[PDB]
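This chain uses plain numbering: 1 for the first residue, then up along the sequence.
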Amino acid sequence: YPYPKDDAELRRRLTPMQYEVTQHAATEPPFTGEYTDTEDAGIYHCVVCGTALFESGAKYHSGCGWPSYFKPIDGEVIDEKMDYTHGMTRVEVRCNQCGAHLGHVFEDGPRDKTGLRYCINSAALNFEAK
Ligand SMILES: [Zn+2]
């Protein structure tokens, strides 16, 4: 990943939750994150490197307990990786710029659009109102 890893800096800047989620692939509990029900127009950026990841227009009501989007901003900004942790087989999503853990993508999304549910930790993101 191109964005330079600087852990001491990350630990100074990121909150405990932001750090654990993005660097240790922790998961914010459902219905506890800042952006779960956010509907404001704007752009969701990687909390680590600042790259634009998701638009508000791609955000939808999943009822799952995390920010959820049916597509990322383009096909290059997300890295996908198989995830075998926690007794499950899933598809992890990461920031392609810095490698931050963002969440998981599932095939139960909007049937009338992409059919994809990008399920993202609020603590992996920072919202730019726009
Ligand atoms: Zn990033």
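Scanning all heavy atoms of the two residues, the minimum distance from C64 to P30 falls at O-CB, 3.9 Å. The two residues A41 and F127 make their nearest non-hydrogen contact at O-CZ, 3.4 Å. Summarising the geometry of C119 relative to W66, their closest heavy-atom pair is SG-CE3, 3.4 Å, with the distance given to 0.1 Å. Counting all heavy atoms, side chain and backbone alike, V48 lies closest to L14 at CG2-CD1, 4.1 Å. Across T22 and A123, no two heavy atoms sit closer than the pair CG2-O, 4.1 Å. Taking every heavy atom of both residues into account, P72 and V77 meet most closely at CB-CG2, 4.0 Å.
For the atom pair CZ of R12 and CG of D7, the computed distance is 10.0 Å after rounding to the nearest 0.5 Å. How far CD1 of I43 is from OG1 of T51: 12.5 Å, rounded to the nearest 0.5 Å. Rounding to the nearest 0.5 angstrom, the gap separating the CD atom in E28 from the CD1 atom in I120 is 11.5 Å. Annotation: the span from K59 atom NZ to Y44 atom OH amounts to 4.5 Å, rounded to 0.5 Å. Taking OG1 from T114 and OH from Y69, the interatomic distance works out to 14.0 Å, rounded to the nearest 0.5 Å. Interatomic distance, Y1 OH to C49 SG, rounded to the nearest 0.5 Å: 11.0 Å.
Scanning for salt bridge (charged side-chain N to carboxylate O under 4.0 Å, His left out) contacts around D37 gives an empty result, with sequence neighbours left out. With sequence neighbours excluded, the residues forming a side-chain hydrogen bond (donor to acceptor under 3.5 Å, both in side chains) with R117 are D108, listed by chain and number.
For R11 and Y19, the positive end sits near the middle of the six-membered ring, less than 6.0 Å away and at most 45° from its axis.
Side-chain polar atoms of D83 and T85 form a donor-acceptor pair below 3.5 angstrom.
A heavy-atom distance below 4.5 Å is not found between the side chains of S56 and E39. With a 4.5 Å cut-off on side-chain heavy atoms, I78 and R94 do not count as touching.
In the hydrophobic clustering of this structure, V91 groups with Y118; members are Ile, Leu, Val, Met, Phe, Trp, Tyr whose side-chain heavy atoms approach within less than 4.5 Å, directly or through other members. When hydrophobic clusters are built by joining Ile, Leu, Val, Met, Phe, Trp and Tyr residues whose side-chain heavy atoms come closer than 4.5 Å, directly or via intermediates, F54 is not grouped with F70. Two different hydrophobic clusters hold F106 and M82 under the rule that ILVMFWY side chains link at heavy-atom gaps under 4.5 Å. Criterion: ILVMFWY side-chain heavy atoms under 4.5 Å apart, direct or through other members. Under it, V21 and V105 are not part of a common hydrophobic cluster.
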- Message: Go through it in stages, so that I can follow the logic: the residues are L125 and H45, the test is side chain to side chain contact (heavy atoms under 4.5 Å, CB included), and I'd like the CA-CA distance, side-chain angles, deciding distance and then a yes or no.
- Response: CA-CA 5 Å; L125 306 168; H45 287 93; over 6 Å; no
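Only one option out of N126, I73, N96, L102 pairs with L53 in a side-chain contact (heavy atoms from CB on, under 4.5 Å); it is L102.
Sorted by first and then second residue, the pairs that involve residues 78-101 and meet ring pair (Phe, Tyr, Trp, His ring centres under 6.0 Å), not counting sequence neighbours, are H101-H104.
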